[PDB]
Amino acid sequence: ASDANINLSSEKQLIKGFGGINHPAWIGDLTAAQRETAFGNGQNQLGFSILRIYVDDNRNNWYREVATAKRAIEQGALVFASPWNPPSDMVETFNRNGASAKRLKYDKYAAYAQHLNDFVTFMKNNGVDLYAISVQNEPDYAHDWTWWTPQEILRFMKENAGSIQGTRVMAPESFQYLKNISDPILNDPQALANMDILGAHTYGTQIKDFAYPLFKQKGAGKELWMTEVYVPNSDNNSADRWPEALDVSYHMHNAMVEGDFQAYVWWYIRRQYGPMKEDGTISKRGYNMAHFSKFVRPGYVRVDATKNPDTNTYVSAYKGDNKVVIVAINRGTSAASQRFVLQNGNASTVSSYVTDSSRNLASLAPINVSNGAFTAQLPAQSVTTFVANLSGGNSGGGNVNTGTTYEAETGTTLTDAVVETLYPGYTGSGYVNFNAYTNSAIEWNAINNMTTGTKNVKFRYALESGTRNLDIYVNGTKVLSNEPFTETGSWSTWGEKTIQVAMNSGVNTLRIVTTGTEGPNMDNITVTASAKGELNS
Ligand SMILES: [Ca+2]
Ligand SMILES: [Ca+2]
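Residues numbered from 1 in each chain as written, not as in the entry; some residues may be left out. Chains lettered and ligands numbered in written order. Heavy atoms only, no water.

- The record lists X-ray crystallography as the method behind this PDB entry and 2.40 Å as its resolution.

**Observations concerning the overall build of the protein**
Phase 1: Assigned secondary structure in the protein consists of ten helices and 30 strands.
Phase 2: Based on the C-alpha atoms only, the size of the protein along its principal axes is roughly 95 × 55 × 45 Å.
Phase 3: Looking at the protein as a whole, 54% of its 537 residues are labelled buried.
Phase 4: For the protein, the share of sequence-separated contacts (at least 6 apart) that also reach a separation of at least 24 residues comes to 76%.
Phase 5: Summing over all exposed atoms, the protein offers an accessible surface of approximately 22,500 Å²; the carbon and sulfur share of this is 45%.
Phase 6: Charge centroids of the protein, computed over 45 positive and 50 negative side chains, lie 4 Å from each other. (Helix = DSSP H or I, 4+ residues; strand = E, 2+ residues; numbered from the N terminus. Buried < 20%, exposed > 50% of the residue type's maximum accessible area, 1.4 Å probe, protein only. Contact = heavy atoms within 4.5 Å. Areas by Shrake-Rupley, 256 points an atom, 1.4 Å probe, with all protein chains shown as cover. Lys, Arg positive; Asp, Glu negative; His and termini not counted. Charge placed at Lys NZ, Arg CZ, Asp CG, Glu CD.)

**Quick notes on helix α4 (residues 109-125)**
Phase 1: Across its 17 residues, α4 extends 24 Å between first and last C-alpha, which sits within 8% of the 24 Å expected from 1.5 Å per residue.
Phase 2: Considered for burial, the residues of α4 that qualify are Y109, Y112, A113, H115, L116, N117, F119, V120 and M123.
Phase 3: Positioned one or two residues after α4, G127 has a phi angle of 90°, which is positive. (Expected span 1.5 Å × (residues − 1).)

**A look at the coordination of the calcium ion (ligand 1)**
Phase 1: For the calcium ion (ligand 1), the full set of protein donor atoms is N433 (OD1), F434 (O) and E518 (OE), and the range of their distances to it is 1.8 to 2.6 Å.
Phase 2: Of note, the calcium ion (ligand 1) draws all its donor residues from one chain, in the sequence arrangement N-F-x83-E. In this pair, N433 is assigned in strand β23 (residues 431-434) and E518 in the loop between β29 (507-515) and β30 (521-529), connecting sequence segments 85 residues apart.
Phase 3: The exposure class of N433 is buried, given its relative accessible area of 17%.
Phase 4: A residue is classified by how much of its surface remains accessible, and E518, at 12% relative accessible area, is buried. (Donors = N, O, S within 2.8 Å, 3.2 Å for Na, K, Ca; no water.)

**A word on the nonpolar core**
Generally speaking, soluble globular proteins have nonpolar side chains that are buried together.
Phase 1: Within the largest apolar cluster, 98 residues are counted, with the highest numbers of intra-cluster contacts made by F119, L130, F156, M157, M256, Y264 and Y318.
Phase 2: Here this core gathers at least three residues from each of two domains, domain 1 (1-15 + 299-390) and domain 2 (16-298).
Phase 3: Leaving out residues up to four positions away in the same chain, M256 has contacts with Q13, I15, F18, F261, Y264, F292, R302 and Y318. (Core = buried A, V, L, I, M, F, W, Y, C linked by side-chain atoms within 4.5 Å. Domains from an automatic or database assignment.)

**Some words on the domain arrangement of the protein**
Phase 1: Split into domains, the protein comes out as domain 1 (1-15 + 299-390), domain 2 (16-298) and domain 3 (399-537).
Phase 2: Between domain 1 and domain 2, the contact holds 31 residues from the first and 27 residues from the second.
Phase 3: Between domain 1 and domain 2 the total buried area reaches about 2,600 Å² when both faces are included, carbon and sulfur atoms providing 65% of it.
Phase 4: On inspection of domain 1 and its partner domain 2, the count reaches three salt bridges.
Phase 5: Measuring nitrogen to oxygen at the nearest pair gives 2.8 Å for the salt bridge that ties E258 to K307.
Phase 6: The interface formed by domain 1 and domain 2 contains 17 residue pairs in polar contact.
Phase 7: Taken together, the elements giving at least two residues each to the side of domain 1 that touches domain 2 come down to β1 (4-14), β13 (313-320), β14 (323-330), β16 (349-355) and β19 (382-389).
Phase 8: Looking at which element gives the most residues to the side of domain 1 that touches domain 2, the answer is β19, with five residues.
Phase 9: Taken together, the residues of the side of domain 1 that touches domain 2 sort by class into 14 nonpolar, twelve polar and five charged. (Buried area = accessible area lost by both parts, 1.4 Å probe. Salt bridge = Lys/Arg side-chain N within 4 Å of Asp/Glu carboxyl O. Polar contact = N/O pair within 3.5 Å; in protein donor to acceptor, adjacent residues only side chain to side chain. Nonpolar A, V, L, I, M, F, W, Y, C, P; charged D, E, K, R; others polar.)

**With respect to unusual backbone geometry**
As a rule of thumb, non-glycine residues mostly have phi less than zero, and peptide bonds are mostly trans rather than cis.
Phase 1: Cis peptide bonds are those with omega within 30 degrees of zero, and the linkage from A171 to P172 qualifies with -5°.
Phase 2: Topologically, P172 is positioned in strand β8 (residues 168-174).
Phase 3: With phi around 60°, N44 is a residue other than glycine that occupies positive phi space.
Phase 4: Here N44 is to be found in the loop between α2 (32-39) and β3 (50-55).
Phase 5: In this model, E173 sits at a positive phi of 50°, which is unusual for a non-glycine residue.
Phase 6: As for its position among the elements, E173 is in strand β8.

Below you can see the structure in the form of structure tokens.
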């Protein structure tokens, strides 16, 4: 079309995540700081949610994966492992089309499954519960590792898989998503029962081969992961090249919309042609990935959208956590105007971030929505990710109780009051002391709430002997006049005092000011949204 119609109620695949491989044996481990850059979200981090690791044929090297894998699990990431060869007493040589090749010996299948089981439990004993393990990396491009034919894989999936306990089983990790090596698994119910995820690589894979009708036909309840690629090349010092790097986002678009893949996993995380360079910083290829990985979190679903609404423009869209996300790619040489139409879901405003030849996730002005529709300018050779709060929704639990603390001493505006550090036990760099008996004040101007509603505002403060009353203002309106602050009993005894006030979903202000009687020493403020159904008395 021309309009990019985003059908929010027409659900597609459940997104599992985005990531890459750590390979200590071949390129060395990530350093501590690169782990954060890789698997944290928020500022200047890739937001990766999936970590792939090596299953070494030598079990005396298994220890090497633990440090990064633990950390990644602490950052909420999934972990899965891939073998290249079985142990070398399990392998025999043979001639395959003129070349000496390796395969798993036919009487050693049960033992190879025991070697995989042992990896899973070795990691479990060191605090890493694998989401999945794979039968073999690229069994159909194994010139340098161990080959399995479609029937060899099939035999193992029927007879030996699902004696794999402690995790999910993944197969066949074909190099080019070749259907011939997964078809046998899908067409056998007993082999199919033992497969939990169909993994595929996509090296050389044509757009038209991303579809897999048989998987649609017979694959309900199985996951579909794209477990290794790098694109469009492994050229030296290429990670920052533009517009070349834009092919990363196009490929991911293709994976998401043409292949309905739930996970997209890169080859080496840290590499000169990868998403993180050798200096530890995010490359232009890294940011292309970031456009999906940072905003399309695990648990989001893809939703139908006009995929190609103008010759060089590509659109995909996702829904989760009461948000719609849209990824729009203009591959062409001229900037384009693109209208987006939201259907079966609604928003008023839209945030957007854009990567191009001169910018990396640059924040653009909040543009807004009139009757489900909004237009936006997509620069030449750019990828733009849009984000918008959808109407009428919620999912809660505890829940917030997210708890957000704002210190009284920094990020604040003082009138006749000063920061001090005499009495200990304060959070932050100190506390604030009021100087005057009447109208010294502290004003927070940066209180940022997800939603409108009633907020509980807990003051942490110290007060030796008196009661000391404060007037309180929210957004310029006085909500309480001469609110008492009872003694804590000492300038070092920090107490708490909660009030209820109403605040918008944007940036708010809170102002406390003396009225006579001075004030207490003020440590910080904690602002929590009060749940619907809880306003108790
Ligand atoms: Ca004081
Ligand atoms: Ca403080």
